[PDB]
Every structure is written in C-alpha cells, then in structure tokens.
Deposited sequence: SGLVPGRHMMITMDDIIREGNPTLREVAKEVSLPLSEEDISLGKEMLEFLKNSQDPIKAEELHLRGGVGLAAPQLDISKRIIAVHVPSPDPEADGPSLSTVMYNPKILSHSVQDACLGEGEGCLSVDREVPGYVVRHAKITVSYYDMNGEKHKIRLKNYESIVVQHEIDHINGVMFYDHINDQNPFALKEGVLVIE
C-alpha cells in the first residue's frame, strides 16, 4: 500500500562550528548524479521547507533556514539547497558563480547559519548581484542571475562548500564597516 522511503534531516544531523568538516573544500560531485546524491538533495530541500512551516518546524523541532550545504550535514560534497519563500527553491550540484555586480549588499539583521549558535555582531558584505551555474536533480545545467537576498543566500551557501563561514567576512574589530551606497536589506 505504501510506496518507497526516505530519511529526514533532524537538527542533530547539522554539525556545529568547530567541526573540522565545515572547513574543508567539498568534493565535486560526479555526473550523471547517483541515486544517493539525488536523495541527499531531496532530503536537504524537504528540510528547508519543513523548517519554514510553523506546524512542521514545531512538531519536528526544527530551526528555520532558507539555505543549506551538504558539509553542514558532515557530507563534504559540493551540493547546496535553497528555499526562499515567495521565488527560488532548488538543489544545486557543483554550483559556481560566473560573474557579479560591482554594487555590494548585506543583510542589515546579519546572516544566519544553522551551524553556529553564538550571536556574531556585524555586516557581511556580498555582491548585490550574481550569475550562478549548476546542475539540478535531472542532470540539467542552469545559468541564472540572482540579486539581493537570494544572491546573498546562495553566496552564503557556496562559501560553505569552500570551507568558508560567514563570520570570516566580518572584521572582528570594525564589524559594521561599510563602503558608500551599499544596499542593506532588511
């Protein structure tokens, strides 16, 4: 009567700051995608969506997030997923930024990260606009231009597959330093 099966990412699966895995440069995924890499991708997206629904997030004790990277699950593979409420909801395999605007931006409230628990003061300067290239679960290759929030989320996730944490962009002694005309989103 009941079809197939799958797993569900639980908060315990998300490793925390200090875990060395978060600092490695994730490995490139092989194509065509394995049924294992496709599943992980799906498990990652289900999570983000789940963490964003009050009832599910609550019943499943999840912390809301809009982006996630395989390394955070302790899987060093270049795979990320983003789910931005109404607009952008996909899994990206071997994502790579091909170009960016000169214009910079940042989240006025500061970026979040399921992997860090401490509160980190400051602004993280990002490219207002970017063009990302990657592969979906089908094997289809995509090239898309993103801006503002979505651009920030993706840049934040790709940093993860390169062993980079958001607070690495924050000048510890001048946390809120910003150049002129930087678009602060909030």
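**Student:** Where does the model have holes with respect to the deposited sequence?
**Tutor:** Gaps vs deposited seq, in order: 1 to 2, 89 to 96.
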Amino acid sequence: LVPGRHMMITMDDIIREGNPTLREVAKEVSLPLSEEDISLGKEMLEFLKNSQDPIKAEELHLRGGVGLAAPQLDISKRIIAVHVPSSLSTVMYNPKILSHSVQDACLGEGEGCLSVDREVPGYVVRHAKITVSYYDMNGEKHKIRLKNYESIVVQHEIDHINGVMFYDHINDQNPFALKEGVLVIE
From here on, numbers count along this sequence of modelled residues.
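**Student:** Output the stretch having the higher mean C-alpha B factor in the entry; the candidates are 45 to 53 and 114 to 122.
**Tutor:** Stretch with the higher mean C-alpha B-factor: 114 to 122.
**Student:** Higher average CA B factor in the deposited record is what I'm after, so tell me if that's 23 to 31 or 154 to 162.
**Tutor:** In the deposited entry, the stretch with the higher C-alpha B-factor mean is 23 to 31.
**Student:** Between 87, 72, 94, 90, which one tops the list for C-alpha B-factor in the PDB entry?
**Tutor:** Out of 87, 72, 94, 90, the record gives the largest C-alpha B-factor to 87.
**Student:** Split the chain's modelled residues into thirds by Cα B-factor; is residue 130 in the lowest, middle or highest one?
**Tutor:** CA B-factor rank for residue 130: lowest third.
**Student:** Ranked by Cα temperature factor within the chain, is residue 13 in the lowest third, the middle third or the highest third?
**Tutor:** Its C-alpha B-factor, which the entry lists for residue 13, ranks in the lowest third among residues of this chain.
**Student:** Which third, lowest, middle or highest, does the CA B-factor of residue 77 fall in along this chain?
**Tutor:** Within its chain, residue 77 is a lowest-third residue by C-alpha B-factor, going by the deposited values.
**Student:** Consider only the C-alpha atoms of the modelled residues in this chain, order them by B-factor as the entry records it, and name the third containing residue 140: lowest, middle or highest.
**Tutor:** CA B-factor rank for residue 140: middle third.
**Student:** Tell me, lowest, middle or highest third: where does the Cα B factor of residue 107 rank within its chain?
**Tutor:** For residue 107, the deposited C-alpha B-factor lands in the middle third.
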